[PDB]
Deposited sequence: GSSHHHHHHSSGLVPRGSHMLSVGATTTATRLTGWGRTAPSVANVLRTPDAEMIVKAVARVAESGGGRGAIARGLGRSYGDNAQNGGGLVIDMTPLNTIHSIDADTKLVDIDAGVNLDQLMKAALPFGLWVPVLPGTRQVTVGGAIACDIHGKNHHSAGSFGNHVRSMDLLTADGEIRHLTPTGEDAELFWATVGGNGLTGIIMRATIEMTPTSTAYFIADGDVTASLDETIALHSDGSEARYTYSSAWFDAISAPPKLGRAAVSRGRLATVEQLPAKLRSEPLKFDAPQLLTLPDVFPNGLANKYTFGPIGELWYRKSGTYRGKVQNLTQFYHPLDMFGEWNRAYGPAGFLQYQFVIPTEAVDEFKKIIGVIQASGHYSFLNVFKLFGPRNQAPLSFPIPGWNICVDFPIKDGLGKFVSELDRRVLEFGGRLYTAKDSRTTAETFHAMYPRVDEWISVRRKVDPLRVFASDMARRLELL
């Protein structure tokens, strides 16, 4: 049942709302007609694909134009265990795909912090995960994709070939090269749905960095950390590092050998429920509390399912998610940014720390080799201007912001952060001269 309706659309950050016509149809031919309709106007105010709206900013909204909800196109066409390939519509989400692929011994090669993201969304933001340093981003694993272009045609793209340029423009392209309808993804072979994990707790930022620089990182396919962004030096940047690899069946305890590829993360066992009024006691902030934490977070060869290894903040004024990457070599500059954040008087509790590996050939891809950080700032006075200063520091240190998180950065800052934007822009103008594809972000970041 195809429907088009005016909808107030915000990203996950629940900010910068705009009203657009949301076309929601499970018919692929209907989607082609809409694009053909918009392109007939010679552009109009454009259209933009929307997945599960998990992006924090304004890349999946188009104020005064068209938004096409891709989530109804959620057919898994095929999964092959021999070729490791999945042929799926763009609307299928990674949780669905993970659940469907496990009985084949196939693993989603790149998984984000949440599993409620579409294949289209995964490609369009070139998403990264705990395994980036060893697997790359989501783009690295796409063997083909079908792109609906401005001309109303469906172009079949491959990473290497005669349409390679448009392929890598679409990777990290934020839906601005057209609409991904269908994609073939190569999966990661696995014999279990489990991880072999090693945990380490560090005392400071220096120690967290030394751990990631000592070579141990090459021993783990998956690696991420939670760090302290509020405590003053030297406690600043202390981390609970979580590193590991996917497990083989023999590495499992005998009671788990029966169902190696079974998934079992789910319980009503949530800590707010068991403990309504907190984890803290009289030891928590003293030397015993720090001892407890150090020993608890330090372990070797622990068998963990998906949620315990991979999936372990509320306020009235909303939050500001802020993610950036500083080049590997610029270590001192990275420490300086962290120092600035803790001295800001803006307090972040959920802090993701990860060292990214080698980057791909997508000119708009976010990840570069270096120190990746996500911080959550409660919205309060002076935040916007503070993060503009961070923007300046990130840019100055060869770093960039991530489109999947941004809602407020300027076009100038962004263009300087992405030195290959002119090249990307040139591909976009070839494939969409009329600006048939448009979004709030495109207009804000001057990518239109």
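Asks: How would you list, in order, the spans of the deposited sequence that the model does not cover?
Replies: Those parts of the chain that were deposited but carry no coordinates are 1 to 23, 336 to 344.
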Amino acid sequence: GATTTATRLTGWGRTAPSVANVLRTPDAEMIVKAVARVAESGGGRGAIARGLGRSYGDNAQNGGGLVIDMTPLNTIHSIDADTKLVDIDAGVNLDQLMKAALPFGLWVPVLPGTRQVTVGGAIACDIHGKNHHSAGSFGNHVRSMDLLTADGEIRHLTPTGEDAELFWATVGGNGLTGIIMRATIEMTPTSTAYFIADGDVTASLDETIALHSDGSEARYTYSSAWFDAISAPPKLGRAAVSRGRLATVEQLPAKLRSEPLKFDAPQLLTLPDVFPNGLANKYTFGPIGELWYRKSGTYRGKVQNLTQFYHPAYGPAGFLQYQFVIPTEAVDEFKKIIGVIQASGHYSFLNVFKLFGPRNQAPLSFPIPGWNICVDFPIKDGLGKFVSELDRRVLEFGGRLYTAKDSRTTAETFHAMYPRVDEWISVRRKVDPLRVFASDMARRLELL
From here on, numbers count along this sequence of modelled residues.
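Take the two forms, superpose them, and find the largest set of C-alpha atoms that agree within 1.5 Å; that set is the rigid core.
Asks: Return whichever of 243 to 251 or 291 to 299 has the larger RMS Cα deviation from the displayed form in 8 other deposited structures of this protein, where every structure is aligned on the rigid core.
Replies: Evaluated in 8 other deposited structures of this protein, the stretch farther from the shown form is 291 to 299.
Asks: As a check of understanding, is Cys374 unmodelled in at least a third of the other compared entries that model its flanking residues?
Replies: No.
Asks: If we scan the other compared entries, does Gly120 go without coordinates in at least a third?
Replies: No, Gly120 is modelled in every one of the other compared entries that cover both of its flanks.
Asks: Given the B-factors recorded for C-alpha atoms, which segment has the greater mean, 72 to 80 or 265 to 273?
Replies: The stretch with the larger average C-alpha B-factor is 265 to 273.
Asks: Averaged over C-alpha atoms, is the B-factor higher for 35 to 43 or for 377 to 385 in this PDB entry?
Replies: Stretch with the greater average CA B-factor: 35 to 43.
Asks: Take the CA temperature factors straight from the PDB entry and tell me which of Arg182, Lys99, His132, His311 peaks.
Replies: Top of the list by C-alpha B-factor: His311.
Asks: Tell me which of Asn372, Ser258, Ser144, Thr221 tops the list for C-alpha B factor in the record.
Replies: Within the set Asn372, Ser258, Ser144, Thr221, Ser258 shows the top C-alpha B-factor.
Asks: Considering only modelled residues of the same chain, in which third does the CA B-factor of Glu186 rank: lowest, middle or highest?
Replies: Within its chain, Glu186 is a lowest-third residue by C-alpha B-factor, going by the deposited values.
Asks: Taking the entry's C-alpha B-factors for this chain, is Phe285 in the lowest, middle or highest third?
Replies: Top third by C-alpha B-factor.
Asks: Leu111: which third of its chain by C-alpha temperature factor?
Replies: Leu111: CA B-factor falls in the lowest third of its chain.
Asks: By the record's CA B-factor, is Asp87 among the lowest, middle or highest third of residues in the chain?
Replies: Lowest third, going by the recorded CA B-factors of the chain.
Asks: Can you tell me whether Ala254 has a C-alpha B-factor in the lowest, middle or highest third compared with the other modelled residues of the same chain?
Replies: Answer is highest: the recorded C-alpha B-factor places it there.
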